[PDB]
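Have a look at the structure below, then the notes.
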Amino acid sequence: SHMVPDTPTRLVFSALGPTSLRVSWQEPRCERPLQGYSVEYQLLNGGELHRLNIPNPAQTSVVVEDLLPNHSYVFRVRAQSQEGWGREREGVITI
């Protein structure tokens, strides 16, 4: 039922200046060892797909840079096990 990781907990956003933030979550349940996370983010109204891969399940935060002021973004965080990638936790924010 949770061989691939469950969804992470709700995303917490912390502003770090005008073009950066910290995105944070908590480690999701999994019946298999967690291998890491992906953080995918994209302008709400369209743009390039950005991805940060975090190969350590103990790191549940990351600093995201070069964001556009006054623009809205969709962040999607997933965790990986040997069984595959789990469902995303989605959170949105305006910079």
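Cβ: placed from backbone, ideal geometry, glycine included. Neighbour counts: every protein chain shown. Here, each number is a calculation from the coordinates, and none is a lab measurement.
Tell me, yes or no, whether segment 47-57 has at least one residue that is part of a strand (DSSP E or B) and farther than 15 Å from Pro8 by Cβ. Don't jump to the end; show me each part of the working.
Let us first name the residues in segment 47-57 that are part of a strand (DSSP E or B), namely 50-54.
Imposing the further condition that a residue be farther than 15 Å from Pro8 by Cβ reduces the set to 50-51.
Yes; the residues of segment 47-57 include at least one that is part of a strand (DSSP E or B) and farther than 15 Å from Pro8 by Cβ.
Residues that are out of contact with any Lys or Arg (no Cβ under 8 Å at 6 or more places or on another chain), touching a residue at least 60 places away in the same chain (Cβ under 8 Å) and either among the hydroxyl-bearing types (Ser, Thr, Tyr) or part of a loop (DSSP other than H, G, I, E, B) (or both): does segment 31-41 have at least one?
No: zero hits.
Taking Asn70 as the residue in question, decide whether it is in a strand (DSSP E or B) and touching a strand residue (DSSP E or B) at 6+ places or on another chain (Cβ under 9 Å).
no
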